[PDB]
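Structure record follows, encoded as structure tokens.
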Amino acid sequence: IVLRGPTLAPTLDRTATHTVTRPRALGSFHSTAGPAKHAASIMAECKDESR
Amino acid sequence: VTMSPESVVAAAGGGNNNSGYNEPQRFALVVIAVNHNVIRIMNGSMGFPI
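As you go down the protein sequences, you meet chains y1 and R2 in turn.
Here the entry's author numbering is used: position 39 in the first sequence is 449, and no number is missing along the way.
Here the entry's author numbering is used: position 26 in the second sequence is 438, and no number is missing along the way.
So this is what it looks like as structure tokens:
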């Protein structure tokens with residue numbers, strides 16, 4: 411009778427189970443900030459020519 | 413397998429009208445077998461152990 415290496419099929423594991431899909435990592439590179447500021451304009455209360 | 417005199421005479425043509433074997437005939441042999449196997453169901457997966 412014919413003799414040969416028996417064929418064994420691996421089993422177990424898990425394929426396409428409980429898809430998560432969360433690989434994103436937040437963060438990027440762009441400009442830092444802007445150094446801008448302003449004062450409260452200029453007030454003027456003067457009349458009568460007090461020298 | 414062994415053929416038959418009807419088969420060997422119908423293989424060639426020469427048949428008259430409405431005889432079926434007017435044209436030369438060709439034949440083919442097909443073999444089908446039915447076998448047993450074991451399927452294992454566990455851990456939400458299936459497969460043949462052998």
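Ideal placement from N, C-alpha and C gives every residue a C-beta, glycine not left out.
On the DSSP bridge list, what partners appear for residue i?
i, result
"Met458 (chain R2)", "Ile453 (chain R2)"
Give me the Cα-Cα distance between residue i and residue j, rounded to the nearest whole angstrom.
i, j, result
"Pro433 (chain y1)", "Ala445 (chain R2)", "50 Å"
"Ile453 (chain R2)", "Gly459 (chain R2)", "7 Å"
"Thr417 (chain y1)", "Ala426 (chain y1)", "26 Å"
"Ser419 (chain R2)", "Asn429 (chain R2)", "18 Å"
"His440 (chain y1)", "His428 (chain y1)", "36 Å"
"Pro461 (chain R2)", "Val443 (chain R2)", "27 Å"
"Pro417 (chain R2)", "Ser431 (chain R2)", "17 Å"
"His448 (chain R2)", "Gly426 (chain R2)", "47 Å"
"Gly437 (chain y1)", "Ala449 (chain y1)", "35 Å"
"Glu435 (chain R2)", "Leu422 (chain y1)", "58 Å"
Interface residues of the segment 441-462 of chain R2 facing chain y1 [CB-CB below 8 Å]: Taking 8 Å as the Cβ-Cβ cut-off against chain y1, the residues of the segment 441-462 of chain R2 that qualify are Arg452, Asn455, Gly456, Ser457, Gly459, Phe460, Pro461, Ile462.
Residues from the segment 419-443 of chain y1 in contact with chain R2, defined by Cβ distance under 9 Å: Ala419, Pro420, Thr421, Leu422, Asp423, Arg424, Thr425, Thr427
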